[PDB]
Amino acid sequence: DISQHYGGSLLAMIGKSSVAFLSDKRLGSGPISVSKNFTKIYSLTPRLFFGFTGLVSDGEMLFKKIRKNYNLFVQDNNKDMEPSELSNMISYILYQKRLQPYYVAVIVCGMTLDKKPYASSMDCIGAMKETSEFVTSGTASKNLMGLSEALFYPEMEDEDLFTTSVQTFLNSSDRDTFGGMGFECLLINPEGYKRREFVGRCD
Amino acid sequence: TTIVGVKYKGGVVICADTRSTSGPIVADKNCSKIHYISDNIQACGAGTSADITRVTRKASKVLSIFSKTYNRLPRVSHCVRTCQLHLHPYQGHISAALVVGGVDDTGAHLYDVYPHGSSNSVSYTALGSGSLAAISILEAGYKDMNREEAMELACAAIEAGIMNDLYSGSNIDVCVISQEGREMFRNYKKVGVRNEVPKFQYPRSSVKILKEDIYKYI
Amino acid sequence: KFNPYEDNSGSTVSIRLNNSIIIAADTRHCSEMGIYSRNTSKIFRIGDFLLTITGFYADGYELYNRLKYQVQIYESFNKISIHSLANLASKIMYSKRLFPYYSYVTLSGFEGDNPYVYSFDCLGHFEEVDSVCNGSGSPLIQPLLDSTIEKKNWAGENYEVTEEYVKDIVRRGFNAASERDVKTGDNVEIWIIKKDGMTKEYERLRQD
Amino acid sequence: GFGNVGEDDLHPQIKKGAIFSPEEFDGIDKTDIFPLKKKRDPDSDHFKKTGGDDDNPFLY
Amino acid sequence: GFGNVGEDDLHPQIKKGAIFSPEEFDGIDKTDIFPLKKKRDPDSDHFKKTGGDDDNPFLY
Amino acid sequence: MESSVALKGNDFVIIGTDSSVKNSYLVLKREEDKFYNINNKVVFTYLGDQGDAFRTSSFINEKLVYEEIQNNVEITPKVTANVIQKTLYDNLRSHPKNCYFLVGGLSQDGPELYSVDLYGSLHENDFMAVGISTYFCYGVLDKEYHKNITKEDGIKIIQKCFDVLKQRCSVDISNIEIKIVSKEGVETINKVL
Amino acid sequence: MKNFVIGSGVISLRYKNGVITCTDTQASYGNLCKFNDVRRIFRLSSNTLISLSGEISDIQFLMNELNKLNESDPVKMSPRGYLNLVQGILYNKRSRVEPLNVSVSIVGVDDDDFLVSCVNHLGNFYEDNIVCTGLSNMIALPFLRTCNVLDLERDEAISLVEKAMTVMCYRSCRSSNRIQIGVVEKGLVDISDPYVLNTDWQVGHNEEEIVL
Amino acid sequence: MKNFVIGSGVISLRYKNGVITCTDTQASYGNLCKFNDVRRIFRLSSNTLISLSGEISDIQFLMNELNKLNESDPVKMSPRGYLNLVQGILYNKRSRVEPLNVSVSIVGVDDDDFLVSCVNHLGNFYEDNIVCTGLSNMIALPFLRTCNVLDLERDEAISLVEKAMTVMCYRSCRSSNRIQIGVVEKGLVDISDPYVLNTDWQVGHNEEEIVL
Amino acid sequence: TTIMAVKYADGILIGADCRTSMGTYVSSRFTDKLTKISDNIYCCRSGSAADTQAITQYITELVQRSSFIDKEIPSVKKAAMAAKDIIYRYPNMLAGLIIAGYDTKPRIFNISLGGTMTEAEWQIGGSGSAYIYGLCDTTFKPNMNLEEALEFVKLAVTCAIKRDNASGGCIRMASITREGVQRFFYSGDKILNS
Amino acid sequence: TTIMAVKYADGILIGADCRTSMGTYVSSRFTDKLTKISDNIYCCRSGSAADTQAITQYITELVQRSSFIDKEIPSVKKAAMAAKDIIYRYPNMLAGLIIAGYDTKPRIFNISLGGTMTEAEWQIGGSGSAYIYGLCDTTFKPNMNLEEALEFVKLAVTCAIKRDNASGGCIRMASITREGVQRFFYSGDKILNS
Amino acid sequence: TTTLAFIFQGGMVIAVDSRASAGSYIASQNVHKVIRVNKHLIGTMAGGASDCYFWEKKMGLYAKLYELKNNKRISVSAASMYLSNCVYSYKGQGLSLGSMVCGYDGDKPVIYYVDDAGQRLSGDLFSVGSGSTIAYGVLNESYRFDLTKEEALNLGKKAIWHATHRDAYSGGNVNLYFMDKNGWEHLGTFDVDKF
């Protein structure tokens, strides 16, 4: 309900040595799209990303909480956080509100310190699903899952991964009423990441 | 799901299907439903996936502190009591049902734990959406067994739930805890075989990039 | 309190090409939390037309019987066209507006040389479509057809859409649906309607 | 009776879409503990109170 | 909690008067058939159905 | 409910709010000041339940002043919007406030314009339309707004957006108060539509 | 929708040269086993049997309608004909929002076609080699499906159905061990006198309880 | 507010130089007479008796608190002292919206002053020569009031109370014929062993039914 | 309420209690629950007082109609079937009857609450029947004499009267035989004072 | 459930069934309902499964605690009272217990759902008890021997199993005497086949 | 859905969005939301597709039967009144339906807004559907009775495009119609992406 108020969807595909993390830039107020430039993907570093679907305020405050915890952890260790550790910490933060849960679903993407791709997702209360092929969330979650299962194959090259993920996201948004028309794709690799924005039906 | 538990002469067999679901949509394949609690205790749960992990994690903490402090491998009764004391206060709002099995100095024990905090020592168990399909196999085939016969009865029980329950499928995870220690069989069977579909590739020209910004990790 | 419906829906896909119509449906009859049968046919044929059903199986069977009865009455003079049959199906469905048939009906067939596929809602509104999917797996398959067959969002040159290519795409879509759709069936029943005839094929899907 | 089909399609909402959805007939990864619709723990098998008078509780 | 006492005496209503009224704690001459509150006719004396299953009616 | 439309230009931000105070059946006032000015660099307007809105806005104003004077926090539109988001979020899940804000002002990165809704959802945009304007004025804003609008063009766009409500919205609006924040201070304009 | 006196599930499966149908004779009113000799297997005609489950009053009404229609018609019917008739009756009852809380299994043998079909209270129907009704559908059906029933002789099929019914007795509150088995072959229709399944409980012993 | 096991009725009236209190020994759980030896007349002092009705668990709790108070303070109490104490307890429970589903009657004699008082679950209280609790308040009280109890000796008062309890047994579902009578006089406090009233039921005999 | 019918040697014996409760108040304590359908058919009513009376008022005239239409003694089966249709055709009517009589052989028909009709050798009904199912199961004996069956009904209804609050008063009994119907009376004083 | 407790010539004999169910499904058919509070005190739980287990877990340590503070054998009276407070203090906890043991003499304590505690010579509980109140009333005899009481429990629980759907399986029995506790077992094979 | 119809000096303009959705899922993107009942009378369905299409085709038959009886074109007032009465007969039964019955009564254009509540309003400018409020804003700013034909068409074409740009329940093609004294003409099926 509140999640469908703001809408929006996330997709994260894992290729060979690269992750395609992309989302729609629509912010909703119900049927009305109040902004065409609202990115739901946050970057702690060029190797740690995560996006939220659901209540936008919950996502933003969770981002600030996650950044606080991550900065404290990095100061305490001097070794950068692993994306698995980031996902586990996010899951812990979500579960502390078990009786008043956040109305968000969070996908965590990044590169391990070993420089391997990583993706995962959580529900309102941190039920974590570590991913090897792909993971989705949001209003277009079902279309994205079906089309990714149809089209995803393991060990895709960075550019083939980009094209396949972009096509799946475009075609999943085209069948979702609350799906946006401005889209953003973070192509993540050991050397950093590339923020690519594309457009769809303009409706 | 069809998480199953069978108790035999000198240990327990805890089997589960590797499937997760949210509505009519399958969410996760090859999911590991058998949670670690102790070297001699494993728990497999059905219900709210986050509650299974956290409840079984609380037991793992309390049993790890206990064994480390007292240099004494924990009892299954201690794990069940910890779970009961945690689940009962919440009146089942923490919806976690577990099949806790293990081997202690008193022998092999297998328990059924329910969301409201009740427990039940049992000889064989089934839980989840496929429990009824599984319990039918366990009813017909259960007897006094060794680990080999217990392994196949439990796997046959899971197979029945995978084949007959809509919300169960994929693989069978198996974990045996005997007096000699615990041994795991991840994806012990692949009953839910998929077809060999070819690949599909779009032309790279099929997508246009509006603008691109490049950031470098340091 | 009484629930008059049961969701036996798996997934059905209808695609019309330039000179052929490909109809495919999963053969599973799903109960709640279980599988009644794995070999129920969701596709019914009325002369040279194929009727596709989803939703509540009894409602779709009753609708097919009513359609067959009305078409039999009408055929006292001449064969019914696909357009007239679609309109009659819409009227029949709307007659139950206060107690609707829980069945998404897809009527497909040839009007002489030209293929036609009609998609209906539960309240009877019908559209002439190029490719339509109904049932629980519709959101898992329709984007695949929009992309690979209808070539939506395909900025470059389009792979030629031949009959075998579309059939393989349909098998791919049903594999994906059966993988991620809990109620999508164990076998896929594929029909190919050509101008002068039609033929059935069967293929296997994972049987969880 | 008619189901208000299309009300959200017909009005600005200041989810009844144009086409009828199968739903007319939560964000937590929750599985069923038993196939039974809404049962997840043993039934409360005591002797249940019946009769007497709940309309006049204080007329002992 | 506060009882909205005075809402009718406070707003034009486009019965909560300014002062609380008695029995805040029909046009028919009805009277009562028995001093018991709701009782009007003999109790329905039969063995009453309990147990079984109401949320799974069709799983015989 | 209460309409507010805001624009940002190259170096100015315009916020226009409905100055009338109303309940379901009656108009209590017709010119109520619903803006807070902070250092002449940030102007934010509050909307929704007046009892909650004015209390939250007063707390925000005093907290921002205290943080500026004591802790030398630089008060930009982003800082004001983040503080508003936090104060709305803290009460959201326990004792919610039924109010929402538009925060606009000049920062070191140029004009910024933020919207904080009932749930504390914060987002920036080139133009904002909250209240009933979310359903009427976004078409007008899309048609008319462009990056290089002048201040007078922004005022006229705000006037058109509120004229849409005047002519088409059933609820009565008669007065709008426009506060334009720019490098030369904050300019107040009152219009009777 | 009547839910007063409920008969538990039905089991019907086809074997090499015939079809089996089996039901318990218990009828429960809530948690009370009010009747233990309510018989729910009837022969619609030569080469066909009908077994019912659900509300006993609806079972009796449906069988009364079927008997009337059977005596009225001068033309015989195949098991498929009875399946169509019962499906029509139940679907019409559902469509008038006056459903019968009854689920039925029609089994019969045509000249060479073996019918094993199910119809539920909504008029939904299907045909399969093993059809189970009610909680049998969840408990006994997964167990029955593990055996290639098509290759079973009559005695083996009867034994398998008896084992399934024993499992139902163990794992269902509303089913007893007193069952009735109906069999149809090419030239045979048989409905046995209800007989009691033998059960064992030695799994319950814990340490040293004296076997009384 | 507990409504599980309920004692039916209390009758207490004052007569010449004394006071009576009487209750049945039945305790009912719904329509089931679960216990027939639950005793609800207690001795508060050498000159006071308290009889209770309502939820038996609340009766036991209240009497436990009263016994604790009795053993705690070193100062005796007159029957009105106990009346005030019990009224305060019940009213406090009610005002904490955790009421006791219990209604009690305190009876006692102090220096030739006779107390007959009632307190209900809400802490409401009153004093009268005849006080009845529960359905007794509607059935037995109108019958008792027809007799000027103030001029009855102990035997006549006991007989009148027995007649009232017989009427209660006839016309109340939760009232039995096994009663217990407590009597307090200037120098006497007595609680009899529960004994069974003798009923007649001869009105419905009719003319031509073979009395068995 | 406790009603029971037991088929003994060449006869039918029905017993019932008299109490007619209303909440905690006994609306009446002499109600006759053995409603005569005809000179040879008696029915014990359980369920709504108004609905069960409505049915028994109707099937009273149906058994006579059919009895004289075909010139035969009124049939218990036809009375039970006639009751079953009304109880089935009209779900709004909360009614359950034990119809026992003697047309050519003694027979007991139990029309359950929803219209489920079953022939029985002995039957119990009413709220108080719940507490004597074990007693009736262990104590029943095929082909009792009148004294044995009278004791059996006397023991069963007495133990239901004790435990059930809605059951009380004397035990009305009626034995239908080929030679007619004779009523009995187990006075409540003997039951209660025991 | 069908839990039973009878006090006989030289101790306590408690009987119970094994079936535990949710709805029409028997989740387990070997559940032990005779919960040991101490070596000489046994509790037959009835009510909410989770709540009754919570109480008996607490009563187990309370009765041991006071036993060693007092320096004497655990008191079944104290265990029953300790149960009553928890059942009374916490209305949200649907629990009803039969606590029977042997400290100096055999005692049976019945704690109802609301905390109503009564001492009894014999006691039954659970859903299936409703059908054997008449059988237990007529068949109970003061000062039975072990065999006579074992037959009584065997007969009563058997007739509750044959009628109550929530009751089934073999009859667990346990005789607490001054000499100790002896467990028994009446297999459902005999009960069902009969 | 967002539909638009208004009257200007040169004639009348009608525009719709051609999307149809079932909750979050977009079932179709090429639904035709205009019922042509004759050369001088069309209806712009909005709401429950089956409901509005059925009664509009039932109204189109009444117009056809009226023409046969009287050898004369039916008036818009009578065509809309027939539609209004049909839905009004089901008032309070949850029927959801909103449409504009556009046409000419000889030399005069008239648009009748009809909805499931039995309402029936004649006016010079109506917008119906979820995106109607956005369309009303774009029209209010630039709509004039003195529009030239090209200006009016672009205003209607652009007004629907903006509504689709900002509303979730619309955004297929912009079907555009122009109805004059001599009849209506289907002026395009513009795709909103290609503006």
# chains A, B, ... in the order shown; residues from 1 in each chain; ligands from 1
$ interface_residues --of "chain A" --to "chain B" --cutoff "7 Å" --atoms "only C-alpha atoms" --output "list in words"
residues 46, 47, 125, 126, 127, 129, 151, 153, 160, 163, 164, 191, 192, 193, 194, 195, 196, 197 and 198 of chain A
$ write_last_selection --atoms "N, CA and C atoms" --output "PDB file, in the first residue's frame"
ATOM      1  N   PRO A  46      32.335   3.449  -4.219  1.00  0.00           N
ATOM      2  CA  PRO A  46      32.220   2.965  -5.601  1.00  0.00           C
ATOM      3  C   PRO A  46      32.082   1.451  -5.695  1.00  0.00           C
ATOM      4  N   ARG A  47      32.177   0.751  -4.563  1.00  0.00           N
ATOM      5  CA  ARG A  47      32.027  -0.696  -4.537  1.00  0.00           C
ATOM      6  C   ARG A  47      30.916  -1.178  -3.615  1.00  0.00           C
ATOM      7  N   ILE A 125      11.720  -7.125   7.089  1.00  0.00           N
ATOM      8  CA  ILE A 125      12.324  -7.468   8.372  1.00  0.00           C
ATOM      9  C   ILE A 125      13.612  -8.255   8.176  1.00  0.00           C
ATOM     10  N   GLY A 126      14.310  -8.003   7.074  1.00  0.00           N
ATOM     11  CA  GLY A 126      15.670  -8.475   6.931  1.00  0.00           C
ATOM     12  C   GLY A 126      15.838  -9.906   6.477  1.00  0.00           C
ATOM     13  N   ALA A 127      14.780 -10.569   6.019  1.00  0.00           N
ATOM     14  CA  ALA A 127      14.953 -11.908   5.472  1.00  0.00           C
ATOM     15  C   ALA A 127      15.814 -11.811   4.224  1.00  0.00           C
ATOM     16  N   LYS A 129      18.244 -12.782   1.035  1.00  0.00           N
ATOM     17  CA  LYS A 129      18.425 -13.750  -0.041  1.00  0.00           C
ATOM     18  C   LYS A 129      19.683 -13.357  -0.803  1.00  0.00           C
ATOM     19  N   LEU A 151      15.794 -14.466 -19.697  1.00  0.00           N
ATOM     20  CA  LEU A 151      16.913 -13.927 -20.458  1.00  0.00           C
ATOM     21  C   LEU A 151      18.274 -14.073 -19.794  1.00  0.00           C
ATOM     22  N   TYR A 153      21.656 -15.414 -18.353  1.00  0.00           N
ATOM     23  CA  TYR A 153      22.543 -16.564 -18.385  1.00  0.00           C
ATOM     24  C   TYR A 153      23.826 -16.228 -17.639  1.00  0.00           C
ATOM     25  N   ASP A 160      27.354  -7.080 -22.474  1.00  0.00           N
ATOM     26  CA  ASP A 160      26.190  -7.939 -22.656  1.00  0.00           C
ATOM     27  C   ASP A 160      25.306  -7.918 -21.417  1.00  0.00           C
ATOM     28  N   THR A 163      23.346  -4.646 -21.529  1.00  0.00           N
ATOM     29  CA  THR A 163      22.265  -4.629 -22.509  1.00  0.00           C
ATOM     30  C   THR A 163      21.110  -5.516 -22.070  1.00  0.00           C
ATOM     31  N   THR A 164      21.412  -6.717 -21.573  1.00  0.00           N
ATOM     32  CA  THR A 164      20.352  -7.632 -21.166  1.00  0.00           C
ATOM     33  C   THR A 164      19.571  -7.079 -19.982  1.00  0.00           C
ATOM     34  N   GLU A 191      36.998  -1.848 -11.050  1.00  0.00           N
ATOM     35  CA  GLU A 191      37.633  -0.550 -11.230  1.00  0.00           C
ATOM     36  C   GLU A 191      36.770   0.604 -10.737  1.00  0.00           C
ATOM     37  N   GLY A 192      35.507   0.350 -10.409  1.00  0.00           N
ATOM     38  CA  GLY A 192      34.610   1.395  -9.961  1.00  0.00           C
ATOM     39  C   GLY A 192      33.188   1.126 -10.399  1.00  0.00           C
ATOM     40  N   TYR A 193      32.508   2.140 -10.928  1.00  0.00           N
ATOM     41  CA  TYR A 193      31.188   1.937 -11.500  1.00  0.00           C
ATOM     42  C   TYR A 193      30.883   3.065 -12.473  1.00  0.00           C
ATOM     43  N   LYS A 194      29.902   2.817 -13.337  1.00  0.00           N
ATOM     44  CA  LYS A 194      29.516   3.741 -14.398  1.00  0.00           C
ATOM     45  C   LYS A 194      28.019   3.989 -14.285  1.00  0.00           C
ATOM     46  N   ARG A 195      27.637   5.234 -14.020  1.00  0.00           N
ATOM     47  CA  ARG A 195      26.232   5.597 -13.870  1.00  0.00           C
ATOM     48  C   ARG A 195      25.670   5.947 -15.242  1.00  0.00           C
ATOM     49  N   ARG A 196      24.942   5.007 -15.839  1.00  0.00           N
ATOM     50  CA  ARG A 196      24.334   5.177 -17.152  1.00  0.00           C
ATOM     51  C   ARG A 196      22.839   5.388 -16.975  1.00  0.00           C
ATOM     52  N   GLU A 197      22.319   6.457 -17.564  1.00  0.00           N
ATOM     53  CA  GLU A 197      20.896   6.753 -17.539  1.00  0.00           C
ATOM     54  C   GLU A 197      20.314   6.584 -18.933  1.00  0.00           C
ATOM     55  N   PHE A 198      19.161   5.927 -19.006  1.00  0.00           N
ATOM     56  CA  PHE A 198      18.473   5.712 -20.269  1.00  0.00           C
ATOM     57  C   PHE A 198      17.008   6.073 -20.080  1.00  0.00           C
TER      58      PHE A 198
END
$ calpha_fit_and_write --fixed "chain D" --moving "chain E" --output "PDB file with C-alpha atoms, in the first residue's frame"
ATOM      1  CA  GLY E   1     -22.496  -5.928  -7.037  1.00  0.00           C
ATOM      2  CA  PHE E   2     -20.836  -4.442 -10.107  1.00  0.00           C
ATOM      3  CA  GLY E   3     -17.602  -4.302  -8.097  1.00  0.00           C
ATOM      4  CA  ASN E   4     -16.676  -0.662  -8.806  1.00  0.00           C
ATOM      5  CA  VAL E   5     -14.446  -1.957 -11.604  1.00  0.00           C
ATOM      6  CA  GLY E   6     -12.548   1.005 -13.025  1.00  0.00           C
ATOM      7  CA  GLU E   7     -13.039   3.502 -10.189  1.00  0.00           C
ATOM      8  CA  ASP E   8      -9.274   4.028  -9.918  1.00  0.00           C
ATOM      9  CA  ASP E   9      -9.044   4.208 -13.721  1.00  0.00           C
ATOM     10  CA  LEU E  10     -12.004   6.633 -13.686  1.00  0.00           C
ATOM     11  CA  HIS E  11     -11.227   9.023 -10.820  1.00  0.00           C
ATOM     12  CA  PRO E  12      -8.089  10.931  -9.744  1.00  0.00           C
ATOM     13  CA  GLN E  13      -8.133   9.391  -6.228  1.00  0.00           C
ATOM     14  CA  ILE E  14      -8.214  12.757  -4.440  1.00  0.00           C
ATOM     15  CA  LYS E  15      -6.954  -1.101  -7.081  1.00  0.00           C
ATOM     16  CA  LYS E  16      -9.887  -0.783  -9.488  1.00  0.00           C
ATOM     17  CA  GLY E  17      -8.375  -0.575 -12.946  1.00  0.00           C
ATOM     18  CA  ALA E  18     -10.300  -0.426 -16.197  1.00  0.00           C
ATOM     19  CA  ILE E  19      -9.895  -4.198 -16.670  1.00  0.00           C
ATOM     20  CA  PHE E  20     -10.862  -6.740 -14.031  1.00  0.00           C
ATOM     21  CA  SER E  21      -7.782  -8.360 -12.515  1.00  0.00           C
ATOM     22  CA  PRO E  22      -7.011 -11.892 -11.274  1.00  0.00           C
ATOM     23  CA  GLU E  23      -7.546 -12.805  -7.606  1.00  0.00           C
ATOM     24  CA  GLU E  24      -9.992  -9.950  -7.240  1.00  0.00           C
ATOM     25  CA  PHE E  25     -12.265 -12.953  -7.006  1.00  0.00           C
ATOM     26  CA  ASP E  26       2.629  -8.132   2.538  1.00  0.00           C
ATOM     27  CA  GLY E  27       6.276  -7.119   2.274  1.00  0.00           C
ATOM     28  CA  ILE E  28       7.510 -10.090   4.312  1.00  0.00           C
ATOM     29  CA  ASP E  29       8.924 -13.440   3.167  1.00  0.00           C
ATOM     30  CA  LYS E  30       6.382 -15.408   5.160  1.00  0.00           C
ATOM     31  CA  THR E  31       5.597 -18.774   3.566  1.00  0.00           C
ATOM     32  CA  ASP E  32       3.360 -21.184   5.500  1.00  0.00           C
ATOM     33  CA  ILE E  33       3.880 -23.568   8.402  1.00  0.00           C
ATOM     34  CA  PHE E  34       1.149 -26.018   7.322  1.00  0.00           C
ATOM     35  CA  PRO E  35      -0.902 -26.410   4.130  1.00  0.00           C
ATOM     36  CA  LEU E  36      -3.978 -25.770   6.274  1.00  0.00           C
ATOM     37  CA  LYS E  37      -5.040 -22.171   5.777  1.00  0.00           C
ATOM     38  CA  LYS E  38      -4.731 -20.583   9.226  1.00  0.00           C
ATOM     39  CA  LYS E  39      -3.282 -23.378  11.373  1.00  0.00           C
ATOM     40  CA  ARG E  40       0.156 -22.718  12.861  1.00  0.00           C
ATOM     41  CA  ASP E  41       0.347 -24.591  16.199  1.00  0.00           C
ATOM     42  CA  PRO E  42      -1.554 -27.373  17.986  1.00  0.00           C
ATOM     43  CA  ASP E  43      -5.238 -26.877  18.712  1.00  0.00           C
ATOM     44  CA  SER E  44      -6.312 -25.629  22.151  1.00  0.00           C
ATOM     45  CA  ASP E  45      -7.547 -28.937  23.556  1.00  0.00           C
ATOM     46  CA  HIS E  46      -9.876 -28.339  26.505  1.00  0.00           C
ATOM     47  CA  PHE E  47     -13.556 -28.526  27.356  1.00  0.00           C
ATOM     48  CA  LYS E  48     -14.943 -25.283  25.946  1.00  0.00           C
ATOM     49  CA  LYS E  49     -17.457 -23.149  27.831  1.00  0.00           C
ATOM     50  CA  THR E  50     -20.936 -23.094  26.288  1.00  0.00           C
ATOM     51  CA  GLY E  51     -24.409 -22.222  27.472  1.00  0.00           C
ATOM     52  CA  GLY E  52     -24.994 -20.460  30.756  1.00  0.00           C
ATOM     53  CA  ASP E  53     -25.564 -16.779  30.054  1.00  0.00           C
ATOM     54  CA  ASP E  54     -23.433 -14.151  28.321  1.00  0.00           C
ATOM     55  CA  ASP E  55     -25.981 -11.321  28.055  1.00  0.00           C
ATOM     56  CA  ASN E  56     -26.802 -11.689  31.769  1.00  0.00           C
ATOM     57  CA  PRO E  57     -23.299 -12.326  33.146  1.00  0.00           C
ATOM     58  CA  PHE E  58     -23.998 -10.993  36.650  1.00  0.00           C
ATOM     59  CA  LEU E  59     -27.281 -12.867  37.248  1.00  0.00           C
ATOM     60  CA  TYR E  60     -25.560 -15.878  38.788  1.00  0.00           C
TER      61      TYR E  60
END
$ interface_residues --of "chain B" --to "chain G" --cutoff "10 Å" --atoms "only C-alpha atoms" --output "ChimeraX atom specification"
/B:122-123,130-140,142-144,156-157,159-165
$ closest_residue --among "A:152, A:118, A:70, A:50" --to "residue 105 in chain A" --atoms "only C-alpha atoms"
A:50
$ residues_around --residues "range 84-86 of chain F" --least-positions-apart "6" --cutoff "9 Å" --atoms "only C-alpha atoms" --output "compact mmCIF listing (two decimals) with N, CA, C and O atoms, in the first residue's frame"
# COMPACT_ATOMS: atom_id res chain seq x y z
N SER A 57 10.61 7.64 2.75
CA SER A 57 11.20 8.15 3.99
C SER A 57 11.94 7.05 4.74
O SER A 57 13.03 7.29 5.27
N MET A 61 15.95 7.31 5.58
CA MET A 61 16.44 7.23 6.95
C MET A 61 17.26 5.96 7.17
O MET A 61 18.25 5.99 7.91
N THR F 56 5.34 22.03 14.67
CA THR F 56 6.51 21.43 14.06
C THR F 56 7.40 22.49 13.42
O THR F 56 8.63 22.44 13.53
N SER F 57 6.79 23.47 12.74
CA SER F 57 7.58 24.50 12.09
C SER F 57 8.27 25.40 13.11
O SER F 57 9.40 25.83 12.90
N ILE F 60 11.17 23.46 14.37
CA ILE F 60 12.21 23.43 13.35
C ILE F 60 12.96 24.75 13.32
O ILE F 60 14.20 24.79 13.26
N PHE F 101 5.84 20.01 4.14
CA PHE F 101 6.59 21.24 3.99
C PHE F 101 7.17 21.35 2.58
O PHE F 101 7.35 20.35 1.89
N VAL F 116 8.99 17.82 1.77
CA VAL F 116 8.89 16.81 2.82
C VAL F 116 7.40 16.55 3.05
O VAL F 116 6.67 17.45 3.48
N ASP F 117 6.96 15.33 2.76
CA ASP F 117 5.55 15.00 2.83
C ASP F 117 5.19 14.51 4.23
O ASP F 117 5.98 14.59 5.17
N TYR F 119 4.94 11.61 5.53
CA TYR F 119 5.72 10.51 6.07
C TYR F 119 7.19 10.85 6.22
O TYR F 119 7.98 9.98 6.59
N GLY F 120 7.59 12.09 5.95
CA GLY F 120 8.98 12.46 6.02
C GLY F 120 9.77 12.18 4.77
O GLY F 120 11.00 12.24 4.79
N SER F 121 9.09 11.88 3.66
CA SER F 121 9.77 11.59 2.41
C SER F 121 10.32 12.88 1.82
O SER F 121 9.56 13.81 1.52
N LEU F 122 11.63 12.93 1.65
CA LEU F 122 12.33 14.12 1.18
C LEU F 122 12.82 13.89 -0.24
O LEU F 122 13.37 12.84 -0.56
$ closest_atom_pairs --of "chain J" --to "chain D" --cutoff "8 Å" --atoms "only C-alpha atoms" --output "JSON lines"
{"residue": "J:1", "atom": "CA", "partner": "D:45", "partner_atom": "CA", "distance": 5.6}
{"residue": "J:20", "atom": "CA", "partner": "D:42", "partner_atom": "CA", "distance": 6.6}
{"residue": "J:21", "atom": "CA", "partner": "D:42", "partner_atom": "CA", "distance": 5.5}
{"residue": "J:22", "atom": "CA", "partner": "D:43", "partner_atom": "CA", "distance": 4.6}
{"residue": "J:23", "atom": "CA", "partner": "D:43", "partner_atom": "CA", "distance": 6.8}
{"residue": "J:27", "atom": "CA", "partner": "D:42", "partner_atom": "CA", "distance": 7.2}
{"residue": "J:46", "atom": "CA", "partner": "D:46", "partner_atom": "CA", "distance": 5.1}
{"residue": "J:47", "atom": "CA", "partner": "D:46", "partner_atom": "CA", "distance": 4.5}
{"residue": "J:48", "atom": "CA", "partner": "D:44", "partner_atom": "CA", "distance": 4.5}
{"residue": "J:49", "atom": "CA", "partner": "D:44", "partner_atom": "CA", "distance": 6.3}
{"residue": "J:96", "atom": "CA", "partner": "D:46", "partner_atom": "CA", "distance": 7.5}
{"residue": "J:125", "atom": "CA", "partner": "D:47", "partner_atom": "CA", "distance": 6.8}
{"residue": "J:126", "atom": "CA", "partner": "D:46", "partner_atom": "CA", "distance": 4.2}
{"residue": "J:127", "atom": "CA", "partner": "D:47", "partner_atom": "CA", "distance": 4.3}
{"residue": "J:128", "atom": "CA", "partner": "D:47", "partner_atom": "CA", "distance": 7.5}
{"residue": "J:129", "atom": "CA", "partner": "D:47", "partner_atom": "CA", "distance": 7.3}
{"residue": "J:130", "atom": "CA", "partner": "D:47", "partner_atom": "CA", "distance": 7.1}
{"residue": "J:166", "atom": "CA", "partner": "D:45", "partner_atom": "CA", "distance": 7.3}
